[PDB]
Amino acid sequence: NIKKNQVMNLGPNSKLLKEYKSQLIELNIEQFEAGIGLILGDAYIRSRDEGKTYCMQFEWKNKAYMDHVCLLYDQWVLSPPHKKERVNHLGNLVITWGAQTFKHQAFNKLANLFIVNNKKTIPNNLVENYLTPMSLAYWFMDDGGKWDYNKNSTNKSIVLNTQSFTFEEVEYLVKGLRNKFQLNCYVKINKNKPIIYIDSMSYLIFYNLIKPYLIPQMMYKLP
DNA sequence: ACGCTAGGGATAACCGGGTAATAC
DNA sequence: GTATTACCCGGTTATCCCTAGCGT
Ligand SMILES: [Ca+2]
Ligand SMILES: [Ca+2]
Ligand SMILES: [Ca+2]
């Protein structure tokens, strides 16, 4: 076998890299479980072939989170996160951090769940059959936040920013969250698009499930 | 008198395209 | 010359927080 340190700065078509890639067969349980939450959240899973391999591309303002995800997928990630500096239409500078895994058939398992016929969809019983506490944690860290951002608020209600999904898809996600994790949640409307509202009653239930997996610099998102 | 939420707006992300670097 | 592909880019906007001023 080959150590990552030996390949991480070779060319894309380097034979040693391909030999390093061939040693890896599957995502570990943690990378797959977190992957579910990430693809529900801020993650871009893509194929350049016809579904033979997939990679995940990442972009985040939060560098520490980017770092944490890169460490989680360490064996799949050759490069540190690269700084992305861009200029707005208003003239403002915008900083974010970019990273990607290399492409690999091990990522097909994640893609098969969501990417059917070249389009990001949600399967019927996704939450019920796949979403673990770890998945929920990464989903929250990607899409999660407060319902009440007022200073000195007593409201402990959570929001999951699911605006890219259809109303029907989000309803199914709600049905799952309620049945599997006993969360008192329902669909609400922002910009004529769906979000998931988790009531303040269920705050402790939600927080206890995800606490093992969240990082300090993502705690600001919690009420 | 003030908890709460619909609506605002500049991002913080998603999404594909291009290319520099091996192999043959 | 062609295939290969990880690390960038830049086009876009649905996010992701902030708050007006509604409702009681
Ligand atoms: Ca998202
Ligand atoms: Ca996010
Ligand atoms: Ca988006």
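No hydrogens, no waters, no symmetry mates; every other heavy atom, side chains included, goes into these values. Convention: sequence-line order gives letters A, B, ...; per-chain numbering from 1.
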Quick tally for nucleotides 14-24 of chain C: nucleotides whose base has a protein heavy atom under 4.0 Å get B, sugar-phosphate-only ones S, the rest -, giving SBBBBB-----
Base contacts versus sugar-phosphate-only contacts with protein, heavy atoms under 4.0 Å: please encode nucleotides 1-11 of chain C as B, S and - from 5' to 3'. --BBBBBBBBB
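Taking a 6.0 Å sphere around OH of A/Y172, one finds it holds 12 or fewer heavy atoms contributed by other residues, nucleotides or ligands. Heavy-atom contacts from other residues, nucleotides or ligands closer than 6.0 Å to NZ of A/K175 number 12 or fewer. Within 6.0 Å of atom OH in A/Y130, 12 or fewer heavy atoms from other residues, nucleotides or ligands are found, so the atom counts as exposed in its surroundings. More than 12 heavy-atom neighbours from other residues, nucleotides or ligands sit within 6.0 angstrom of NZ on A/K63.
Nucleotides of DNA chain B lying under 4.0 Å from heavy atoms of chain A occupy a range whose first and last members, 5' to 3', are B/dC4 to B/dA23.
A donor-acceptor contact closer than 3.5 angstrom is absent between the side chains of A/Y213 and A/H68. Counting only N and O atoms by type, the side chains of A/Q163 and A/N190 include a donor and acceptor under 3.5 Å apart.
With both ends at atom P, the span from C/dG23 to B/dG8 equals 16 Å, rounded to whole Å.
Identified under the salt bridge (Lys or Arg N to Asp or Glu O under 4.0 Å) test for residues 18-38 of chain A, with sequence neighbours left out: none. Among residue pairs with one or both ends in residues 103-124 of chain A, those qualifying as salt bridge (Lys or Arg N to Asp or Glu O under 4.0 Å) are A/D49-A/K103; sequence neighbours excluded.
Counting any heavy atom pair closer than 4.0 Å across all strands shown, A/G41 reaches sugar-phosphate atoms only and no base atom.
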Can you list, pair by pair, the side-chain donor-acceptor contacts under 3.5 Å of residues 79-98 of chain A, counting residues two or more places apart and other chains?
unit_1 : atom_1 : unit_2 : atom_2 : d
A/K84  : NZ     : A/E59  : OE1    : 2.7
A/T96  : OG1    : A/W60  : O      : 3.1
A/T96  : OG1    : A/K61  : N      : 3.4

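A/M201 places none of its side-chain heavy atoms less than 4.5 Å from the side chain of A/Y203.
Both A/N118 and A/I95 lie close to DNA chain B; mapped to their nearest nucleotides by heavy-atom distance, the more 5′-ward contact belongs to A/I95.
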